[PDB]
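Visitor: Structure provided below as structure tokens; questions to follow.
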Amino acid sequence: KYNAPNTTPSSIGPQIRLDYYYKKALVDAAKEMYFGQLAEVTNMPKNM
Amino acid sequence: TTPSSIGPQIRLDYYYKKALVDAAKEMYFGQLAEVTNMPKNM
């Protein structure tokens, strides 16, 4: 019997791998940018 | 402006060359005028 391993041990013995690691992870999408692309740059030089 | 380690700093600002200028007010009454010519010597 399989039972509930590591809490109620299986009949044969301990099983190493128990939880399936699904590789593809979940990442939150980047928030849309609105104010950034509304102006230009003036490029203050060095020294000053 | 606050005393730097080396000493006083002469330049503290960058003088941007381009200058802001207001656009001319859009003239409206000028274009509805019919023109008659004063012929001079007159």
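In the structure tokens, each chain is lettered A, B, ... as it comes, each chain's residues begin at 1, and ligands are numbered from 1 in order of appearance.
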Taking only C-alpha atoms into account, which residues of chain B are within 9 Å of chain A, as a list in words?
Guide: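 Selected residues: residues 10, 11, 12, 13, 14 and 16 of chain B.
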Visitor: Store the residues picked out above in a file with N, CA and C atoms, as a compact mmCIF listing (two decimals), in the first residue's frame.
Guide:
```
# COMPACT_ATOMS: atom_id res chain seq x y z
N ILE B 10 33.75 77.30 -9.42
CA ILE B 10 33.32 78.48 -10.17
C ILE B 10 31.98 78.20 -10.84
N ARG B 11 31.96 77.22 -11.74
CA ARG B 11 30.74 76.90 -12.46
C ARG B 11 29.84 76.01 -11.62
N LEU B 12 28.58 76.42 -11.50
CA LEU B 12 27.62 75.66 -10.70
C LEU B 12 26.36 75.38 -11.50
N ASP B 13 26.24 75.97 -12.68
CA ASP B 13 25.05 75.82 -13.50
C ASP B 13 25.44 75.60 -14.95
N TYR B 14 24.59 74.89 -15.68
CA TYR B 14 24.76 74.71 -17.12
C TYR B 14 23.80 75.64 -17.84
N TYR B 16 21.85 76.30 -20.69
CA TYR B 16 21.30 75.70 -21.89
C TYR B 16 21.05 76.77 -22.94
```
Visitor: With a distance cut-off of 12 Å and only C-alpha atoms, select the neighbouring residues of stretch 18-35 of chain A, excluding the residue or stretch itself and same-chain residues fewer than 6 positions from it, and output the selection as a list in words.
Guide: residues 2, 4, 5, 6 and 10 of chain A
Visitor: With N, CA, C and O atoms retained, export the selected residues as a short mmCIF file (atom, residue, chain, number, x, y, z; two decimals), in the first residue's frame.
Guide:
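Now in out_22.cif:
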```cif
data_model
loop_
_atom_site.label_atom_id
_atom_site.label_comp_id
_atom_site.auth_asym_id
_atom_site.auth_seq_id
_atom_site.Cartn_x
_atom_site.Cartn_y
_atom_site.Cartn_z
N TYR A 2 0.38 2.30 -0.63
CA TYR A 2 1.12 3.56 -0.68
C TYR A 2 0.91 4.40 0.58
O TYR A 2 1.86 5.05 1.04
N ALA A 4 0.13 7.30 3.18
CA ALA A 4 0.58 8.69 3.10
C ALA A 4 2.05 8.74 3.48
O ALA A 4 2.40 8.77 4.67
N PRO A 5 2.97 8.75 2.50
CA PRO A 5 4.40 8.59 2.81
C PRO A 5 4.96 9.66 3.74
O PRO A 5 4.54 10.82 3.70
N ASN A 6 5.89 9.23 4.60
CA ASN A 6 6.61 10.08 5.55
C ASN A 6 5.71 10.55 6.68
O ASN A 6 6.17 11.19 7.63
N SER A 10 5.06 4.05 3.51
CA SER A 10 4.61 3.05 2.55
C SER A 10 5.10 1.67 2.96
O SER A 10 6.08 1.53 3.70
#
```
